[PDB]
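Chemist: Sequence first, structure after, both from an experimental entry:
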Amino acid sequence: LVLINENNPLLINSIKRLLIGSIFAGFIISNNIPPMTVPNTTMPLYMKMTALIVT
Amino acid sequence: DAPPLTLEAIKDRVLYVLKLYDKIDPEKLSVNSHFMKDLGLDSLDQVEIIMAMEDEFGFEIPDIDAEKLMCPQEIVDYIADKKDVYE
Amino acid sequence: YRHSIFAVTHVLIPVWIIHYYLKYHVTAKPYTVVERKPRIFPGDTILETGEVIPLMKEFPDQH
Amino acid sequence: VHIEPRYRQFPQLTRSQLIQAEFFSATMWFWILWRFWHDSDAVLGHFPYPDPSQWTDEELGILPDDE
Amino acid sequence: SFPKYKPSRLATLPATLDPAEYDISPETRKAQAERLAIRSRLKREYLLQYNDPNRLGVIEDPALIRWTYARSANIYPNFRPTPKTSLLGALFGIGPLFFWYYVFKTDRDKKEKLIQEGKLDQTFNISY
Amino acid sequence: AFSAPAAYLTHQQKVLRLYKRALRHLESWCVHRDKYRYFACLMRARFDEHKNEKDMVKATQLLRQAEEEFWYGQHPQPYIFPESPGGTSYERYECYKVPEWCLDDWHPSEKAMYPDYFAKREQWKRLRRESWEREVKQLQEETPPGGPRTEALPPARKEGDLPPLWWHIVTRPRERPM
Amino acid sequence: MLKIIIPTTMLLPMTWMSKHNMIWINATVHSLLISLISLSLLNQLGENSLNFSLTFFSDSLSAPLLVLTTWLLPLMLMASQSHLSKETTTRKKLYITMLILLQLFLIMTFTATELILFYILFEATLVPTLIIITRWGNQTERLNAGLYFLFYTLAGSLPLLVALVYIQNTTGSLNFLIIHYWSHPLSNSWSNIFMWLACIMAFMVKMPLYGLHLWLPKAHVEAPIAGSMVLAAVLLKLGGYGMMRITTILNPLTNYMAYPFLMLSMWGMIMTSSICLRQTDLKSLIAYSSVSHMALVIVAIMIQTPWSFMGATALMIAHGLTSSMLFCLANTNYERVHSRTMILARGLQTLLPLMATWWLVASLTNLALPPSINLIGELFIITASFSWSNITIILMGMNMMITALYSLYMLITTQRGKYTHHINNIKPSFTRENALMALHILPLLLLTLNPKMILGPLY
Amino acid sequence: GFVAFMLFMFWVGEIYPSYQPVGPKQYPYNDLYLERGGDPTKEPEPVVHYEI
Amino acid sequence: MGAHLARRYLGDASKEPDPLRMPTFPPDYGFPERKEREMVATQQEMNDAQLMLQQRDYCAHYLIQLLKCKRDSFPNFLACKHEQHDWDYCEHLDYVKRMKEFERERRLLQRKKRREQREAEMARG
Amino acid sequence: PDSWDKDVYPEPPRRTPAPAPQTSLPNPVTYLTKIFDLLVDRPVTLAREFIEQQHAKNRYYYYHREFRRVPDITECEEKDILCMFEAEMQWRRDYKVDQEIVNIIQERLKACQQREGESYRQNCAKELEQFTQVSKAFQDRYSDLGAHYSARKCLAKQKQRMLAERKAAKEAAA
Ligand SMILES: CCCCCCCCCCCCCCCCCC(=O)OC[C@H](COP(=O)([O-])OCC[N+](C)(C)C)OC(=O)CCCCCCCCCCCCCCCCC
Ligand SMILES: CCCCCCCC/C=C\CCCCCCCC(=O)OC[C@H](COP(=O)(O)OCCN)OC(=O)CCCCCCC/C=C/CCCCCCCC
Ligand SMILES: CCCCCCCC/C=C\CCCCCCCC(=O)O[C@H](COC(=O)CCCCCCC/C=C/CCCCCCCC)COP(=O)(O)OCCN
Ligand SMILES: *P(=O)(O)OCC(C)(C)[C@H](O)C(=O)NCCC(=O)NCCSC(=O)CCCCCCCCCCCCC
């Protein structure tokens, strides 16, 4: 018995609002805050992409 | 949210499952067809039928009550009584 | 209409009450409201005293 | 909107939800591509990593062993 | 063939792995029938009282009354100062007291000695 | 839950319960339907292979070994239906179940808010009060002198009677009371 | 203080001359009026107390206790209305007379200016409580409870009388102001040790102290609702008030004699909380929780720092109110089902929503939820104990954890779960019971709003 | 076994730390003597950093 | 992470540098003429800019310029890319100077080891 | 309002940098500030003006009670209850005043730390020294006298401290 139905405007709008914030929020937040720490500009290439490799 | 069950719908679904069973002839199958007396099954087949009904209706039938459901009508009555279906 | 009547009371009355409480009661006592002083950068204009904060040295080019 | 339940069949979908899901997936991938086009340094590094083996004893202030 | 399950106090043996569940004597069947008869008698009495239409109140449970009485009001009359009870009472009632007394006395003596020697950081301590 | 338990489980009942448990845990292990069907067919093949055995001692030994194998090979996190004991939705609606004796403590204004329901409720109460003596008489007539030996209740023999001790079974709260 | 004392001695003839159906109304109304009048004592000074006359004086420690007593009387009257429906007119008037006499004796005890008058009244409070317990208790154990209570109190307090008369002969006066201004240090000798023991042991038996506390469960379980309300809320605070008063003349010997009592009190907090974890009776659970809180107050008084006395006073007031509310809730549940077993009745949140709310609020206040005065007092005591030593923090932390555990355990057991099927006499909550719970709970939150009134004279 | 192994490996990693082949971070004005709360009256021991 | 950890922990820790104790040799040892590092931003300027104590290194002037740029062009936060790059490059130069210091310490330690082994050989024969 | 003493509650002069935009985009903060001034500040200012006009209709004053100085416990004779009572009351008033002085210094320290912000470890070091001195003096005076503190106990503590100081000075310069 297939009762699948996700066409409710409340559910769609809530997930949509939390969905735009999962793409365009880190960029805005990181570009709109002052630098509170010294960045790690210089590092080996295999260490710069360590997270991507393990992921 | 979900539409309520009815006696006719429960009977249709249990007969659907029984007709999808390969060891039962659909032409000689009715709601009063005894699984062992006139359908020629055994205990393991009855257990498998009960498990199929559990999977179909999304709830578990206890073994104390499952060992006594020997008719499609009995299964319908049990499901309706548990789900509080009166029409 | 519903959003207008909701916005006047629920938003406009608390902000009025809180601004009145802060501007005339909380700030009537010393050190109740303390603000971190604004950051002053070289080559700036201090507005209070009409002052000019001078620039830094000449940066050695690093390319 | 009213959706009739289905029995042993694929559920009834909606054009609005289909187009919205496709639009948001496309938006995510477009954003990733656009950011990588402009900010590839954030992923691939910006400045070269120096090789300590290529530094000379003269510039590191290391005298000859005889001294 | 397979590793065996070792029961414990908090990991009791399952009913399907109990060796006595497969070695059944005719006396065991009689005992089971007697247990079922007792349960059925108690159930019948409870159901009669529960389905009585004229009953309005609480069906008093003698088992609950006995449990509450035995756990609270029946302890002292059945107490005998055996060596086990004496040792356990002395330990669990005196040992913690002397342990904490020694700990706190040592800590306070150390603190007082430091204060007297004047090598304890008491600056900004104006609330005691 | 609706059936009175027996004094003991027979060998057939033990093996059937083991078969159902093994099938459920195998389904938990074999997530996909085709794989589950294949291995369930293999399991029933094993059971049918051992089905014919005249030696009850050997049958009991096979059952014991099968139980040990099941306990060793059981799924640590077996699938449980949501409403079944241990399920994620078990006892969820027990807080919404309110009885008719609570229902008769209402205020007259509340009762007047629902006029037609309480007429039928009074009819049910009269029906209950007019049958208790017959129910208790039937119960005390059919019991053995020692007392009940099982938790099974007799039906109503006469046409105008009702099965004894029916009130709470009939008027139990609905599975979704609210 | 006569403006408060005389209206009680007028409550007596009013009660005895009122009509048979108006006794409760008159008593409640005039008790509320007397409480309102007694609210004026909260206007305390900052340096010295209020010296009305040579006999009575009020301090920042006495005023909250007097207000608590005058406020607690009408609630006891309401509970008595609840459980004394079928009593005769004369016996109801006698019960009200006992309550009024107990309140009058408590007021005079709190406002007494001399130690001997304080002792006389503090022992005079025994008679009405014993009569109430042993006469209007419901079960057989009320006689044994009364005997235990009376003899524990007297065995504690007689050496206190001997010490008081000896002190008067030695120094000249037992007036509190004189013994405070003319206080002299107590040397470390056997005679001084035994005088210290006499006074402190009297007040500790009254407190009670762990090991000297069995009378408390015995009396509180078997007493009627009004007796339990007055025993837990006010009569337990006589020991704390006495210790906060009598320790003026016991220094510096208190710095040396406090160790056994401190260890007893802390380990008693732990033990009584653990006992609360496994109690089959609700009233016993509440009584042992009271014992734990009073042990914490004992620790504060014995460490005897300015931050510990404020916490002691706040905790005394908060515990009195909370214990009274808990006893009232337990009595309502008992009167519904006629049994004190905790697991007998369940699903009471399904059956009675508002009572479930009252239970939730009372249990939250019991486990010291901030910013309640319970937490204020407990936190002040914990900070003072931490200054005293740095393992008291460990003991207080484990005590607090177990306190939260048993409070929420009793809440979940009584209110949550599936209701008992065969209990079909759960009638809707009465307006009287709801008003009783509200009048218990609202002053706690108001004192949370204004906490400086119950922090003692060291604030 | 799991908890003991984790504790032992944490101790091993503490006594064999991980770092980068770089020198200590250099700060101006006697390693920020006044900014960290140094006494203005007293004169700190000079800290001089050279180019390389 | 790196080969230096392997060299120090599975090799000659005496020849490998100690990060918590370096530098060990005098700064002028092997440098006939060495120039002291120059700080552009003054203490008062850094204090007024309210830079964090970890941010008050020799690259503080670029950070001050970046902060001033960001504050002035507030609504357009995608503006101070040049200032950000200048600050990043200054930090990169500081880091490579630190790496040079580490390498100098390493090879000075190994040169000391070679010299002392040669001295031991001479003393033996 | 500024109805407090600036010397008692010091505050460094406030230097606010002038706005020097470098972009053509409008300032949402400025627009929202204008909206807030139009919608909130003006109505609350009008309400306060009306209220203060009503207050000035009937203006009455209250005074700060002045307490005379009385001889202290050092001059009080032994077992002289009246003089001891007067000295004890005076000492308690002085104790409360000293507590409020310590509170004032702590408020200064907190305000200075919050104002300086990221550079507090150096800028607000003058308040730290004043607080250290005041705290040390307050601790030395009203140290652990207990919950039953009194002028006599404080005098005994002071005598003990004076004896210790005299003995230390003698053993140093002797
Ligand atoms: C000057 C006229 C301009 C045209 C007309 C504009 C509309 C008419 C109204 C006047 C608006 C004036 C400008 C305001 C800002 C407009 C957006 C903007 O510039 O964004 C810049 C920036 C975007 O700039 P950017 O950084 O994305 O630009 C990048 C540019 N490139 C790529 C080319 C380099 O956005 C923001 O700053 C975000 C603003 C978020 C606002 C959120 C809602 C606030 C709601 C407030 C409710 C309460 C109000 C009352 C408060 C008081 C209490 C009662
Ligand atoms: C310096 C530049 C960046 C500064 C930070 C910008 C943050 C931007 C956050 C979103 C912009 C503000 C949008 C305002 C939404 C609120 C408006 C409102 O009250 O409701 C209107 C309207 C309808 O509301 P209903 O609930 O459906 O009511 C129907 C009435 N019949 O609200 C909306 O749904 C608008 C749709 C929003 C689009 C999705 C926005 C997703 C934003 C993701 C990032 C936001 C993070 C929050 C802050 C980030 C920084 C910490
Ligand atoms: C070396 C490392 C020690 C680590 C300690 C670990 C915990 C073990 C210590 C506590 C365990 C219990 C011991 C005390 C309890 C008595 C045991 C007992 O009950 O034995 C009695 C009989 O009594 C005895 O056997 C006594 C033997 C032990 C005596 C120990 C010395 C007595 C100590 C005297 C001091 C008592 C007061 C101590 C506190 C004083 C204040 C500090 C009968 O035992 P059953 O249960 O019937 O049979 C079970 C057989 N397994
Ligand atoms: P129905 O009424 O037709 O009758 C069938 C029965 C079995 C009752 C027979 O009438 C009968 O009693 N026959 C003789 C007794 C007998 O067959 N005994 C042996 C049967 S038990 C057995 O052989 C089981 C062994 C195989 C299954 C082992 C289960 C282990 C797998 C566990 C896996 C769990 C995770 C995958």
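Modeler: Okay, I see it. Numbers count the residues shown, from 1 in each chain, chains lettered A, B, ... in the order given. Ligands and ions are numbered 1, 2, ... in the order given.
Chemist: tell me the contacts of residue F:142?
Modeler: Neighbouring residues of residue F:142 by Cβ atoms under 8 Å, 6 or more residues apart in numbering or on different chains: residue F:154. Placement of C-beta: from N, CA and C, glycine included.
Chemist: for residue G:93, that is, sorry about that
Modeler: Residue G:93 sits next to G:15, G:16, G:23 when contact means Cβ under 8 Å, 6+ apart.
Chemist: Sort out which of those are buried, if you could.
Modeler: In these, burial by neighbour count holds for G:15, G:23, counting by 16 or more other Cβ atoms under 10 Å in any protein chain shown.
Chemist: If we only consider the contacts of residue G:93, which is nearest to chain E?
Modeler: Closest approach between the contacts of residue G:93 and chain E, by Cβ to the nearest Cβ: residue G:23, at 30.0 Å.
Chemist: how about the closest one, what does it touch?
Modeler: Residue G:23 sits next to G:15, G:89, G:92, G:93, G:96 when contact means Cβ under 8 Å, 6+ apart.
Chemist: hang on, the earlier thing: nearest to chain F, out of the contacts of residue G:93: which one, please.
Modeler: residue G:23 (29.5 Å).
Chemist: Distance of the closest one relative to residue G:439?
Modeler: 20 Å (Cβ to Cβ, to the nearest Å).
Chemist: ok, now residue G:358?
Modeler: 11 Å.
Chemist: Of these two, which one has the most company?
Modeler: Each of residue G:358 and residue G:439 has its neighbours counted (other Cβ atoms under 10 Å in any protein chain shown); residue G:358 has more, 24 against 16.
Chemist: and the longest helix for chain A?
Modeler: helix A:9-20 (DSSP state H).
Chemist: Using CSV, list the CA coordinates for that helix.
Modeler: Coordinates of each C-alpha in helix A:9-20 appear next as CSV, following Å, rounded to 0.1, in the frame of the first residue of the first chain:
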residue,chain,number,x,y,z
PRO,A,9,3.3,23.2,0.8
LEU,A,10,4.5,23.4,4.5
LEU,A,11,6.9,20.6,4.1
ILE,A,12,8.1,21.7,0.7
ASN,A,13,8.6,25.4,1.8
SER,A,14,10.4,24.4,5.0
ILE,A,15,12.8,22.0,3.3
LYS,A,16,13.4,24.6,0.5
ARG,A,17,14.3,27.3,3.0
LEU,A,18,16.7,25.0,4.8
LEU,A,19,18.0,23.9,1.4
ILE,A,20,19.0,27.4,0.1
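Chemist: is it anywhere near chain B?
Modeler: No: between helix A:9-20 and chain B, judged by Cβ under 8 Å from any Cβ of the partner chain, nothing touches; the nearest distance is 12.8 Å.
Chemist: Helices - which of the contacts of residue G:93 land there?
Modeler: Reading helices off the contacts of residue G:93 with DSSP H, I get G:15, G:16, G:23.
Chemist: Surely the second one is in contact with residue G:97?
Modeler: Just to be clear, that refers to residue G:16. Yes: at 7.2 Å, residue G:16 and residue G:97 qualify as touching, with contact defined as Cβ atoms under 8 Å.
Chemist: how about the closest residue to chain C within chain D, secondary structure?
Modeler: Per Cβ to the nearest Cβ, residue D:47 is where chain D lies closest to chain C, at 12.3 Å. The three-state label given to residue D:47 by DSSP: H, G, I helix; E, B strand; the rest coil is coil.
Chemist: and it, what is it in contact with?
Modeler: By Cβ under 8 Å, 6+ apart, the residues touching residue D:47 are A:41, A:42, I:88, I:89, I:92.
Chemist: hmm, the lengthiest helix in chain E touching ligand 3?
Modeler: In chain E, taking DSSP H as the definition, the longest helix is helix E:83-117. Yes: against ligand 3, helix E:83-117 shows contacts by Cβ under 6 Å from any ligand atom at E:83, E:84, E:87, E:88, E:90, E:91, E:94, E:95, E:98.
Chemist: closest to residue A:22 among those residues?
Modeler: Residue A:22 lies nearest to residue E:95 out of the residues of helix E:83-117 next to ligand 3, by Cβ to Cβ, at 59.0 Å.
Chemist: neighbours of the residue lying closest to residue B:79 once chain neighbours are set aside, just the number please.
Modeler: Among residues not flanking residue B:79 along the chain, residue B:10 sits closest, at 5.3 Å (Cβ to Cβ, 6 or more residues apart in numbering or on different chains). Applying other Cβ under 10 Å, we find 21 residues neighbouring residue B:10.
Chemist: helix or strand for residue B:10, which one?
Modeler: Secondary structure from DSSP states H and E places residue B:10 in helix B:7-20.
Chemist: Which other helices and strands does the helix or strand that that helix is followed by contact?
Modeler: Sequence-wise, the next helix or strand downstream of helix B:7-20 (DSSP H and E) is helix B:43-57. Contacts defined by 3 or more Cβ pairs under 8 Å, 6 or more residues apart in numbering or on different chains; DSSP states H and E place helix B:43-57 against helix B:7-20, helix B:72-83, helix F:11-29, helix F:33-49.
Chemist: Tell me which of those lies nearest to residue G:29.
Modeler: Comparing the helices and strands packed on helix B:43-57 by their distance to residue G:29 (Cβ to Cβ), the top pick is helix B:72-83, with 58.1 Å.
Chemist: ok and that closest one relative to helix B:7-20, angle-wise?
Modeler: Orientation of helix B:72-83 against helix B:7-20 (axes from the mean of the first three to the mean of the last three Cα atoms, to 10 degrees) gives an angle of 130 degrees.
Chemist: need the residues of chain J near ligand 1, please.
Modeler: J:25, J:26, J:28, J:31, J:32, J:35, J:36, J:39.
Chemist: Return the member of those nearest to chain E.
Modeler: Among these, residue J:36 lies closest to chain E (Cβ to the nearest Cβ), at 41.8 Å.
Chemist: so the closest one is in which element?
Modeler: Per DSSP H and E: helix J:28-36 holds residue J:36.
Chemist: Just the CA atoms of that helix, as PDB, please.
Modeler: Only the C-alpha atoms of helix J:28-36 are listed here, as PDB (Å, rounded to 0.1, in the frame of the first residue of the first chain):
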ATOM      1  CA  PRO J  28      21.200  49.100   4.800                       C
ATOM      2  CA  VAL J  29      22.400  49.900   8.300                       C
ATOM      3  CA  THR J  30      22.000  53.600   7.600                       C
ATOM      4  CA  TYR J  31      18.500  53.100   6.100                       C
ATOM      5  CA  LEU J  32      17.400  50.900   9.000                       C
ATOM      6  CA  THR J  33      18.800  53.500  11.500                       C
ATOM      7  CA  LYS J  34      16.700  56.200   9.800                       C
ATOM      8  CA  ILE J  35      13.600  53.900   9.900                       C
ATOM      9  CA  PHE J  36      14.300  53.200  13.600                       C
END
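Chemist: neighbouring contacts of that helix?
Modeler: I:74, I:75.
Chemist: thinking again about what came up before, out of the contacts of residue D:47, give me the one that has the most neighbours.
Modeler: residue A:42 (23 neighbours).
Chemist: nearest residue to that residue other than its sequence neighbours?
Modeler: Spatial nearest neighbour of residue A:42, excluding adjacent residues (Cβ to Cβ, 6+ apart): residue I:95 at 4.3 Å.
Chemist: Tell me how many other residues crowd the one you found.
Modeler: 22.
Chemist: How about chain D: which residue is closest to chain J?
Modeler: Closest point on chain D to chain J, by Cβ to the nearest Cβ, is residue D:38, at 19.7 Å.
Chemist: Next, that residue: phi, psi?
Modeler: Backbone torsions of residue D:38, given as degrees, to the nearest 10, read phi -90, psi -40.
Chemist: in chain F, which spans are helices?
Modeler: If DSSP H is used as the criterion, the helices of chain F fall at F:11-29, F:33-49, F:56-73, F:100-103, F:108-113, F:115-129, F:132-142, F:167-170.
Chemist: Tell me which residues are up against the fifth one.
Modeler: What that stands for is helix F:108-113. Outside of helix F:108-113, the residues within contact range by Cβ under 8 Å, 6+ apart are residue F:118.
Chemist: Ends of stretch E:7-25, what's the gap?
Modeler: End-to-end distance of stretch E:7-25 (Cα to Cα, to the nearest Å): 24 Å.
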